[PDB]
>>> print(open('start.tsv').read())   # TSV, C-alpha atoms
chain	number	residue	atom	x	y	z
A	29	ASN	CA	71.88	67.46	115.31
A	30	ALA	CA	70.86	69.80	118.14
A	31	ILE	CA	72.99	72.95	118.32
A	32	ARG	CA	73.88	74.73	121.60
A	33	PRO	CA	73.29	78.42	121.01
A	34	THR	CA	75.28	81.46	122.19
A	35	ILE	CA	73.34	84.38	123.62
A	36	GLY	CA	73.59	87.49	121.47
A	37	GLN	CA	74.84	85.53	118.45
A	38	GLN	CA	72.83	85.12	115.26
A	39	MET	CA	73.02	81.38	114.74
A	40	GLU	CA	71.66	81.08	111.21
A	41	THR	CA	73.86	81.15	108.12
A	42	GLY	CA	73.03	84.20	106.05
A	43	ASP	CA	75.06	87.35	105.70
A	44	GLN	CA	73.32	90.71	105.81
A	45	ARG	CA	73.59	93.09	102.88
A	46	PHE	CA	73.38	96.77	103.76
A	47	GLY	CA	73.91	98.83	100.62
A	48	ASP	CA	77.37	98.03	99.21
A	49	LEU	CA	78.42	96.32	102.43
A	50	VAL	CA	78.05	92.77	103.72
A	51	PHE	CA	78.01	92.03	107.45
A	52	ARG	CA	78.61	88.72	109.18
A	53	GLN	CA	78.37	88.27	112.95
A	54	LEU	CA	81.43	86.32	114.15
A	55	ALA	CA	80.81	86.49	117.91
A	56	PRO	CA	78.21	88.10	120.16
A	57	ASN	CA	80.08	91.44	120.08
A	58	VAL	CA	82.08	91.10	116.84
A	59	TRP	CA	81.05	91.54	113.18
A	60	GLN	CA	83.01	91.33	109.95
A	61	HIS	CA	82.35	94.10	107.44
A	62	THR	CA	83.05	93.44	103.74
A	63	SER	CA	83.09	95.79	100.77
A	64	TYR	CA	84.16	95.32	97.13
A	65	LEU	CA	86.10	97.35	94.62
A	66	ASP	CA	86.21	96.66	90.89
A	67	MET	CA	89.93	96.88	90.17
A	68	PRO	CA	90.86	96.93	86.47
A	69	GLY	CA	92.52	93.66	85.43
A	70	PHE	CA	91.38	91.95	88.66
A	71	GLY	CA	87.60	92.26	88.92
A	72	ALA	CA	85.97	92.52	92.34
A	73	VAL	CA	88.33	92.55	95.32
A	74	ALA	CA	87.14	92.23	98.95
A	75	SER	CA	88.15	94.38	101.85
A	76	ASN	CA	87.18	92.94	105.25
A	77	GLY	CA	87.44	94.60	108.65
A	78	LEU	CA	85.84	94.26	112.07
A	79	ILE	CA	83.32	96.04	114.20
A	80	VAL	CA	83.70	95.30	117.91
A	81	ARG	CA	81.15	96.27	120.55
A	82	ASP	CA	82.94	96.99	123.84
A	83	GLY	CA	80.69	98.18	126.64
A	84	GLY	CA	79.04	101.45	125.62
A	85	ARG	CA	81.15	101.99	122.51
A	86	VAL	CA	82.13	100.50	119.17
A	87	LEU	CA	85.70	99.94	117.91
A	88	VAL	CA	86.39	99.56	114.19
A	89	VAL	CA	89.29	97.64	112.62
A	90	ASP	CA	89.94	98.81	109.05
A	91	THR	CA	87.70	100.79	106.70
A	92	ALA	CA	85.90	100.04	103.48
A	93	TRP	CA	87.43	100.99	100.12
A	94	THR	CA	85.59	104.29	99.62
A	95	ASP	CA	84.20	107.26	101.53
A	96	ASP	CA	80.63	106.29	100.61
A	97	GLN	CA	81.15	102.64	101.60
A	98	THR	CA	82.70	103.62	104.92
A	99	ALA	CA	79.77	105.98	105.58
A	100	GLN	CA	77.50	102.96	105.05
A	101	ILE	CA	79.40	101.08	107.74
A	102	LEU	CA	78.71	104.00	110.09
A	103	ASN	CA	75.00	103.95	109.07
A	104	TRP	CA	74.77	100.20	109.76
A	105	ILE	CA	76.27	100.76	113.22
A	106	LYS	CA	73.61	103.45	113.86
A	107	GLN	CA	70.80	101.14	112.76
A	108	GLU	CA	71.88	97.84	114.32
A	109	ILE	CA	74.04	98.76	117.32
A	110	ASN	CA	73.29	102.40	118.26
A	111	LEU	CA	76.55	103.09	120.16
A	112	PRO	CA	79.19	105.73	119.33
A	113	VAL	CA	82.36	104.66	117.53
A	114	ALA	CA	85.22	105.53	119.86
A	115	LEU	CA	88.08	104.81	117.54
A	116	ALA	CA	89.29	102.96	114.45
A	117	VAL	CA	92.51	101.01	114.06
A	118	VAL	CA	93.84	100.81	110.51
A	119	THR	CA	96.13	97.83	110.00
A	120	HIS	CA	98.10	99.01	106.97
A	121	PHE	CA	98.38	101.81	104.49
A	122	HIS	CA	96.41	100.97	101.35
A	123	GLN	CA	96.53	103.44	98.46
A	124	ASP	CA	93.02	102.41	97.35
A	125	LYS	CA	91.30	103.03	100.71
A	126	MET	CA	91.91	106.76	101.40
A	127	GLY	CA	88.22	107.55	100.86
A	128	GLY	CA	87.62	105.38	103.93
A	129	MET	CA	89.91	107.45	106.13
A	130	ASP	CA	88.15	110.59	104.99
A	131	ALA	CA	84.79	109.25	106.14
A	132	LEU	CA	86.07	108.38	109.62
A	133	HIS	CA	87.70	111.78	110.06
A	134	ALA	CA	84.59	113.56	108.76
A	135	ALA	CA	82.62	111.72	111.45
A	136	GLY	CA	85.03	112.82	114.18
A	137	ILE	CA	86.33	109.32	114.80
A	138	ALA	CA	89.87	109.04	116.21
A	139	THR	CA	92.07	106.93	113.95
A	140	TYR	CA	95.15	104.91	114.93
A	141	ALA	CA	97.71	103.23	112.73
A	142	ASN	CA	101.26	101.85	112.89
A	143	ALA	CA	103.69	104.79	113.06
A	144	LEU	CA	105.19	103.41	109.81
A	145	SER	CA	101.76	103.51	108.13
A	146	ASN	CA	101.63	107.17	109.06
A	147	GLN	CA	104.87	107.71	107.17
A	148	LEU	CA	103.91	105.67	104.13
A	149	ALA	CA	100.55	107.39	103.58
A	150	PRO	CA	101.90	110.98	103.14
A	151	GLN	CA	104.84	109.61	101.19
A	152	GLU	CA	102.11	108.55	98.73
A	153	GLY	CA	100.18	111.79	99.06
A	154	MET	CA	97.46	110.39	101.32
A	155	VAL	CA	96.41	111.45	104.83
A	156	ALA	CA	97.88	109.74	107.89
A	157	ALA	CA	95.76	108.45	110.76
A	158	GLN	CA	95.42	110.92	113.62
A	159	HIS	CA	97.52	108.82	116.02
A	160	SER	CA	100.58	106.57	115.69
A	161	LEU	CA	100.94	103.17	117.34
A	162	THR	CA	104.45	102.09	118.32
A	163	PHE	CA	105.57	98.60	119.27
A	164	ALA	CA	107.82	97.03	121.87
A	165	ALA	CA	110.72	94.80	120.78
A	166	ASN	CA	108.49	91.77	121.39
A	167	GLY	CA	106.01	93.13	118.85
A	168	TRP	CA	103.22	94.08	121.27
A	169	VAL	CA	101.84	97.59	121.06
A	170	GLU	CA	103.20	100.11	123.57
A	171	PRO	CA	100.21	100.88	125.85
A	172	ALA	CA	101.10	104.60	126.01
A	173	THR	CA	100.20	104.80	122.29
A	174	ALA	CA	96.98	102.72	122.51
A	175	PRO	CA	94.88	104.05	125.39
A	176	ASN	CA	91.50	102.44	126.14
A	177	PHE	CA	91.72	99.85	123.40
A	178	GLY	CA	89.48	97.50	125.42
A	179	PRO	CA	89.67	93.93	124.07
A	180	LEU	CA	91.87	94.82	121.06
A	181	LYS	CA	95.35	93.34	121.35
A	182	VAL	CA	97.53	94.90	118.67
A	183	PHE	CA	100.65	93.09	117.44
A	184	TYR	CA	103.27	94.01	114.86
A	185	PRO	CA	104.63	90.72	113.49
A	186	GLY	CA	107.31	92.24	111.30
A	187	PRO	CA	107.25	93.25	107.64
A	188	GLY	CA	105.40	90.92	105.28
A	189	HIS	CA	102.81	91.72	102.67
A	190	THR	CA	103.70	95.34	103.36
A	191	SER	CA	106.37	96.82	105.55
A	192	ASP	CA	103.82	98.23	108.04
A	193	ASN	CA	101.26	95.44	108.39
A	194	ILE	CA	99.85	94.97	111.94
A	195	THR	CA	97.41	92.48	113.41
A	196	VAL	CA	94.75	92.52	116.09
A	197	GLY	CA	93.49	89.88	118.47
A	198	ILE	CA	90.11	90.20	120.17
A	199	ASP	CA	90.30	89.31	123.86
A	200	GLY	CA	87.47	87.13	125.10
A	201	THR	CA	86.99	85.57	121.66
A	202	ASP	CA	88.77	82.99	119.53
A	203	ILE	CA	89.26	85.57	116.73
A	204	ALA	CA	92.45	87.14	115.40
A	205	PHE	CA	92.64	89.57	112.49
A	206	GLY	CA	95.68	89.04	110.30
A	207	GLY	CA	95.14	92.08	108.08
A	208	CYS	CA	96.81	91.96	104.69
A	209	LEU	CA	99.49	89.59	105.99
A	210	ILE	CA	97.45	86.39	105.94
A	211	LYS	CA	95.61	84.77	102.98
A	212	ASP	CA	93.09	81.96	103.18
A	213	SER	CA	93.90	78.26	102.75
A	214	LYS	CA	92.43	78.24	99.20
A	215	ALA	CA	94.56	81.17	97.98
A	216	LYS	CA	96.41	80.32	94.78
A	217	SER	CA	98.88	83.16	95.41
A	218	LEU	CA	100.11	85.70	97.99
A	219	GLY	CA	98.57	88.37	95.79
A	220	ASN	CA	100.33	91.55	94.75
A	221	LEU	CA	103.90	91.49	96.09
A	222	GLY	CA	104.89	94.99	94.96
A	223	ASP	CA	105.31	96.25	98.52
A	224	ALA	CA	106.18	92.95	100.12
A	225	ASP	CA	109.25	92.04	102.18
A	226	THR	CA	110.18	88.70	100.66
A	227	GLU	CA	112.93	87.98	103.19
A	228	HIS	CA	110.75	88.32	106.30
A	229	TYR	CA	107.26	87.49	105.04
A	230	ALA	CA	107.21	83.82	106.12
A	231	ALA	CA	108.60	84.60	109.58
A	232	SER	CA	106.13	87.45	110.07
A	233	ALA	CA	103.18	85.14	109.25
A	234	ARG	CA	104.46	82.61	111.76
A	235	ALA	CA	104.98	85.33	114.36
A	236	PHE	CA	101.30	86.32	114.04
A	237	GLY	CA	100.33	82.70	114.69
A	238	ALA	CA	102.66	82.52	117.68
A	239	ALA	CA	101.23	85.80	119.10
A	240	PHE	CA	97.63	84.56	119.09
A	241	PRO	CA	98.00	80.83	119.70
A	242	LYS	CA	94.43	80.52	121.05
A	243	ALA	CA	92.81	82.00	117.96
A	244	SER	CA	90.94	79.36	115.98
A	245	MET	CA	89.23	81.84	113.66
A	246	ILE	CA	91.44	83.97	111.41
A	247	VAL	CA	89.93	87.03	109.72
A	248	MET	CA	91.90	88.69	106.92
A	249	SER	CA	91.73	91.75	104.74
A	250	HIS	CA	91.14	90.11	101.36
A	251	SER	CA	89.94	86.54	102.05
A	252	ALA	CA	86.96	85.02	103.89
A	253	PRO	CA	87.40	83.90	107.55
A	254	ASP	CA	89.33	80.65	107.87
A	255	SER	CA	90.90	78.32	110.37
A	256	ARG	CA	94.58	78.46	111.38
A	257	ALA	CA	95.26	76.62	108.11
A	258	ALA	CA	95.35	80.13	106.57
A	259	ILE	CA	98.47	80.96	108.61
A	260	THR	CA	100.23	77.71	107.65
A	261	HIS	CA	99.31	78.08	103.98
A	262	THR	CA	100.43	81.70	103.90
A	263	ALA	CA	103.79	80.92	105.55
A	264	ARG	CA	104.38	77.98	103.20
A	265	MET	CA	103.78	80.18	100.17
A	266	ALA	CA	106.02	82.89	101.59
A	267	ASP	CA	108.74	80.27	102.12
A	268	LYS	CA	108.92	80.03	98.32
A	269	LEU	CA	110.07	83.66	98.20
>>> encode(input="start.tsv", output="structure tokens")
Amino acid sequence: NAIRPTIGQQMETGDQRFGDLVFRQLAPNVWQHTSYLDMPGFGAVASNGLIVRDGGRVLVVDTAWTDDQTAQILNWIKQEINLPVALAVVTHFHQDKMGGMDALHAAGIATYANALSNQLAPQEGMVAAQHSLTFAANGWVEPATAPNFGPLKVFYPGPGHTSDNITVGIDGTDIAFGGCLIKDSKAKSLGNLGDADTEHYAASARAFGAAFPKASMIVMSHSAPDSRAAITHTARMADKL
């Protein structure tokens, strides 16, 4: 029953609450952040993202739902990590998370999103990220658009849950972030399909899996971390579309 520990990793089970936020350490330099919104007709809905420590800076993947919740993420980073946040990558446009963008911009943090996300946001009357990511034909981000991204490996799998959904692998870890594209293996549904691409969704989910074949831990926007079973389950459900 002895467990071999990993230096810099909190080994015990027990998430940390910090205000409205919950933090879980996934690897010595990676944490999941989780916030909740009470959506009418749905109840509480989770938003998860990542905080990645890379050398003398922090990189953020995705925001919380609101300005105040995203400010709390920044306050947690100040308290627990004490390194500047160099940049944030936002993996899709979400009409309910604009408050989050505001908090990052107010803090002077450079924001990056899929070029298509930066079209969709102002089409819905919301601010774009400061910078646009573009992608090679193979789906990998063009390095000219993503300078100094450190261990973040950004991949556009094709349209799925939304037309603009991108994903992010973390080099040096077994973690990949599927954004809003992937749901967990206990999901009863693919969720709200109002912006979904039914024709390509299954293929996009499989492309994500093929892009990060070494990832054994899958983190997602609206479900708890899971094994690769999340990718399989998501693709199977999307096959029914």
>>> closest_residue(input="start.tsv", among="A:169, A:230, A:247, A:143", to="residue A:205", atoms="all atoms listed in the file")
A:247
>>> residues_around(input="start.tsv", residues="residue A:63", least_positions_apart="5", cutoff="6 Å", atoms="all atoms listed in the file", output="ChimeraX atom specification")
/A:49,74-75,92
>>> axis_aligned_box(input="start.tsv", around="stretch 40-43 of chain A", padding_each_side="8 Å", output="JSON")
{"center_x": 73.4, "center_y": 84.2, "center_z": 108.5, "size_x": 19.4, "size_y": 22.3, "size_z": 21.5}
>>> atom_distance(input="start.tsv", atom1="atom CA of residue A:126", atom2="atom CA of residue A:149")
8.9 Å
>>> closest_residue(input="start.tsv", among="A:142, A:46, A:165, A:180", to="residue A:86", atoms="all atoms listed in the file")
A:180
>>> residues_around(input="start.tsv", residues="stretch 114-119 of chain A", least_positions_apart="4", cutoff="9 Å", atoms="only C-alpha atoms", output="PyMOL selection string")
chain A and resi 85-91+129+132+137-142+145+157+177+192-196+206-208
>>> residues_around(input="start.tsv", residues="residue A:245", least_positions_apart="4", cutoff="10 Å", atoms="all atoms listed in the file", output="mmCIF file with C-alpha atoms, keeping the file's coordinate frame")
data_model
loop_
_atom_site.group_PDB
_atom_site.id
_atom_site.type_symbol
_atom_site.label_atom_id
_atom_site.label_comp_id
_atom_site.auth_asym_id
_atom_site.auth_seq_id
_atom_site.Cartn_x
_atom_site.Cartn_y
_atom_site.Cartn_z
ATOM 1 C CA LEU A 54 81.430 86.320 114.150
ATOM 2 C CA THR A 201 86.990 85.570 121.660
ATOM 3 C CA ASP A 202 88.770 82.990 119.530
ATOM 4 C CA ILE A 203 89.260 85.570 116.730
ATOM 5 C CA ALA A 204 92.450 87.140 115.400
ATOM 6 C CA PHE A 205 92.640 89.570 112.490
ATOM 7 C CA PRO A 253 87.400 83.900 107.550
ATOM 8 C CA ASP A 254 89.330 80.650 107.870
ATOM 9 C CA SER A 255 90.900 78.320 110.370
ATOM 10 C CA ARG A 256 94.580 78.460 111.380
ATOM 11 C CA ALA A 257 95.260 76.620 108.110
ATOM 12 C CA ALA A 258 95.350 80.130 106.570
#
>>> residues_around(input="start.tsv", residues="stretch 232-241 of chain A", least_positions_apart="3", cutoff="10 Å", atoms="only C-alpha atoms", output="CSV table (one decimal) with C-alpha atoms, in the coordinates of the input")
chain,number,residue,atom,x,y,z
A,166,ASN,CA,108.5,91.8,121.4
A,167,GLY,CA,106.0,93.1,118.8
A,168,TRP,CA,103.2,94.1,121.3
A,181,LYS,CA,95.4,93.3,121.4
A,182,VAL,CA,97.5,94.9,118.7
A,183,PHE,CA,100.6,93.1,117.4
A,184,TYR,CA,103.3,94.0,114.9
A,185,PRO,CA,104.6,90.7,113.5
A,186,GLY,CA,107.3,92.2,111.3
A,187,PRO,CA,107.2,93.2,107.6
A,188,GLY,CA,105.4,90.9,105.3
A,189,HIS,CA,102.8,91.7,102.7
A,193,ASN,CA,101.3,95.4,108.4
A,194,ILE,CA,99.8,95.0,111.9
A,195,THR,CA,97.4,92.5,113.4
A,196,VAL,CA,94.8,92.5,116.1
A,197,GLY,CA,93.5,89.9,118.5
A,198,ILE,CA,90.1,90.2,120.2
A,199,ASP,CA,90.3,89.3,123.9
A,202,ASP,CA,88.8,83.0,119.5
A,203,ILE,CA,89.3,85.6,116.7
A,204,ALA,CA,92.4,87.1,115.4
A,205,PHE,CA,92.6,89.6,112.5
A,206,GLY,CA,95.7,89.0,110.3
A,209,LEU,CA,99.5,89.6,106.0
A,210,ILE,CA,97.4,86.4,105.9
A,211,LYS,CA,95.6,84.8,103.0
A,225,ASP,CA,109.2,92.0,102.2
A,227,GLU,CA,112.9,88.0,103.2
A,228,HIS,CA,110.8,88.3,106.3
A,229,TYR,CA,107.3,87.5,105.0
A,244,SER,CA,90.9,79.4,116.0
A,246,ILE,CA,91.4,84.0,111.4
A,256,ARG,CA,94.6,78.5,111.4
A,258,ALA,CA,95.4,80.1,106.6
A,259,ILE,CA,98.5,81.0,108.6
A,260,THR,CA,100.2,77.7,107.6
A,261,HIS,CA,99.3,78.1,104.0
A,262,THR,CA,100.4,81.7,103.9
A,263,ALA,CA,103.8,80.9,105.6
A,264,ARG,CA,104.4,78.0,103.2
A,266,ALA,CA,106.0,82.9,101.6
>>> residues_around(input="start.tsv", residues="residue A:76", least_positions_apart="2", cutoff="7 Å", atoms="all atoms listed in the file", output="list in words")
residues 60, 61, 62, 63, 74, 248, 249 and 250 of chain A
>>> closest_residue(input="start.tsv", among="A:94, A:162, A:106, A:100", to="residue A:127", atoms="all atoms listed in the file")
A:94
>>> closest_residue(input="start.tsv", among="A:39, A:155, A:58, A:73", to="residue A:219", atoms="all atoms listed in the file")
A:73
